[PDB]
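Just so you know, the sequences run in chain order M and F.
Throughout the first sequence, residue numbering follows PDB author numbering, covering 1 to 83 in sequence.
Throughout the second sequence, residue numbering follows PDB author numbering, covering 248 to 297 in sequence.
In what follows, a single structure is set out as C-alpha cells and then discussed.
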Amino acid sequence: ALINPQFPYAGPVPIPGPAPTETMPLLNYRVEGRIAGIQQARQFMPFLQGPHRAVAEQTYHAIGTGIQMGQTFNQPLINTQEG
Amino acid sequence: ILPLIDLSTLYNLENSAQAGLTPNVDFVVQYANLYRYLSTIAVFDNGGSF
C-alpha cells in the first residue's frame with residue numbers, strides 16, 4: 001500500500017455503506033437417516049480366490065507287469081590258453 | 248466396506264414451472280433452501296415462443 005499526501009486514502013470505508021440484506025442465516029439442518037434394507041449373505045462372481053495354473057507339470061500313473069522268461073544261444077567252448 | 252455418506256445422500260433432478268413475468272422487471276426464482284444445487288436450467292417458454 002501507498003498513501004499519498006495531500007491526496008490521502010480515505011481512512012476507512014465509512015458509515016455511508018448500504019446494508020443490503022439481513023439474509024445471513026443458515027438454518028441448521030435437522031435430519032434422521034435410515035439405510036435398512038435386508039442384506040443377504042452372498043454375492044455371485046465368476047471367480048474369486050483362485051490362483052489358476054499358468055502351466056501344469058507333466059503328471060502320470062504307473063504300471064508294470066510280467067514274468068522272467070527267455071530263449072538263449074551260448075558261445076562255443078574254446079581251448080584254454082594259460083593257467 | 249461402504250461409503251456411508253455417499254449411500255445416504257440423494258442426487259436428484261427435478262423441475263417446476265414459475266409464472267409472473269413482466270417486461271424489464273427482475274423475475275426471481277428463489278432456491279428452495281437446504282439442497283446443494285449443482286446446476287440450474289431455465290427454459291423461457293414465452294407463451295409457446297422460444
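Heads up, the beta-carbon is just placed ideally off N, CA and C, and yes, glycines get one too.
Review point. Checking contacts by CB at 8 Å: is residue 195 of chain F closer than that to chain M?
Key: Past the boundaries of the shown model lies residue 195 of chain F; chain F is included only from 248 to 297, so the question cannot be answered.
Review point. By how many angstroms is the C-alpha of residue 42 of chain M removed from the C-alpha of residue 60 of chain M?
Key: Cα to Cα, residue 60 of chain M sits roughly 39 Å from residue 42 of chain M.
Point to revise | Amino acids of chain F, ordered along the chain, whose beta-carbon sits closer than 8 Å to that of residue 27 of chain M | key: 280 and 281
Check your understanding: Taking the alpha-carbon positions, what's the residue 269 of chain F to residue 9 of chain M distance?
Key -> Rounded to the nearest angstrom, the two C-alpha atoms are 44 Å apart.
Check your understanding: So, using beta-carbon positions, are residue 255 of chain F and residue 33 of chain M closer together than 8 Å?
Key -> yes
Exercise for review: For the alpha helix (DSSP H) holding residue 84 of chain M, just list the boundary residues, first then last.
Suggested key: Because chain M is modelled from 1 through 83, residue 84 of chain M falls outside the range shown and cannot be assessed.
Check your understanding: How many Å lie between residue 44 of chain M and residue 52 of chain M at the Cα?
Key -> If you take the alpha carbons of residue 44 of chain M and residue 52 of chain M, they lie about 19 Å apart.
Practice item. Could you please give me the residues that DSSP links to residue 293 of chain F through a beta bridge? Key: BP columns for residue 293 of chain F point to F/296.
Practice item. Please check if any C-beta of chain C sits within less than 8 Å of the C-beta of residue 33 of chain M. Key: As a matter of chain content, chain C is missing from the structure shown, whose protein chains are M and F.
Review point. Where does residue 252 of chain F fall in DSSP's three states?
Key: helix
Check your understanding: Thinking just about the alpha-carbon of each residue, which of F/271, F/276 and F/284 is nearest to the one in residue 257 of chain F?
Key -> F/284
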